[PDB]
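Chemist: My questions all concern the structure below.
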Amino acid sequence: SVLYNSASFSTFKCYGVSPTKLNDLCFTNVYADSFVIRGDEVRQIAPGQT
Amino acid sequence: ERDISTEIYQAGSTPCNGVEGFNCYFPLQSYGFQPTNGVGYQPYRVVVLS
């Protein structure tokens with residue numbers, strides 16, 4: 001929640017789970033998939049694209 | 001209660017209305033249903049008698 005209103009990222013969105021609800025919500029496991037792509041390929045990484 | 005407010009949903013990082021930045025979508029959207037859709041997407045003239 002401290003990185004949402006930081007205004008230091010180009011694209012900071014959350015699908016399914018609201019970004020204003022992860023401040024006190026428990027999670028079983030959290031994964032991190034770091035990768036570098038192009039500029040127009042950011043919209044491709046979304047639940048419901050091809 | 002009737003609400004016809006045409007403001008901006010203020011709940012993201014950058015404060016909306018005062019400035020325009022990020023997470024400031026338009027609340028009043030436009031539907032757009034078409035005859036080639038499913039059964040659950042067809043409109044229904046709901047009439048409530050109070």
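Going through the structure tokens in order, the chains are called A, B, and so on, while each chain numbers its residues from 1 and the ligands are numbered from 1 in the order shown.
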Within 8 Å of chain A, which residues of chain B are there when counting only C-alpha atoms? Please give them as a VMD selection string.
Modeler: chain B and resid 12 to 14
Chemist: Since we have the selection now, will you write its residues out, keeping N, CA, C and O atoms, as a short mmCIF file (atom, residue, chain, number, x, y, z; two decimals), in the first residue's frame?
Modeler:
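The result, stored in result-v9.cif:
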data_model
loop_
_atom_site.label_atom_id
_atom_site.label_comp_id
_atom_site.auth_asym_id
_atom_site.auth_seq_id
_atom_site.Cartn_x
_atom_site.Cartn_y
_atom_site.Cartn_z
N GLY B 12 -7.49 6.97 -6.29
CA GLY B 12 -6.24 6.39 -6.72
C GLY B 12 -5.02 7.08 -6.14
O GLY B 12 -5.08 7.62 -5.03
N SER B 13 -3.92 7.06 -6.88
CA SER B 13 -2.69 7.69 -6.41
C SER B 13 -2.75 9.20 -6.56
O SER B 13 -2.79 9.94 -5.56
N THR B 14 -2.75 9.69 -7.79
CA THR B 14 -2.81 11.12 -8.03
C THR B 14 -4.21 11.64 -7.73
O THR B 14 -5.19 11.05 -8.19
#
Chemist: Using only C-alpha atoms, which protein or nucleic acid residues come within 10 Å of segment 38-50 of chain A? Drop anything in the same chain fewer than 3 positions from it, and give the result as a list in words.
Modeler: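 With the cut-off at 10 Å, the set is residues 11, 14, 15 and 16 of chain A.
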